[PDB]
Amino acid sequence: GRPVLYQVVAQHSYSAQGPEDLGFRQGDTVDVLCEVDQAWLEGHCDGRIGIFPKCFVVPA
C-alpha cells in the first residue's frame, strides 16, 4: 500500500488526458502519495491515482 503523505486542496481544476494523469475539480481533496518532482505530485482522488502539477493545489 501507498501511505498518504498529506492532503491537498485543488485551487484550480485539472482534467486528465491519459491514464497516468490524476484529474480533479476545484475544491476536491487529494491524497498525496509521492512528491515526484519540483513541479509534480502523485496522488489519489475519487478512487483514481495519478500525477498532477503541484501549482494546482494548496495544503489541506
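Throughout, we count residues from 1 along the sequence that is shown.
- Between the stretches 15-23 and 48-56, it is 15-23 that shows the larger average CA temperature factor.
- In the PDB entry, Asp28 places in the lowest third of its chain by CA B-factor.
- In the deposited entry, the Cα temperature factor of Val9 places it in the lowest third of its chain's modelled residues.
- Ranked by C-alpha B-factor against the other modelled residues of its chain, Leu41 falls in the lowest third.
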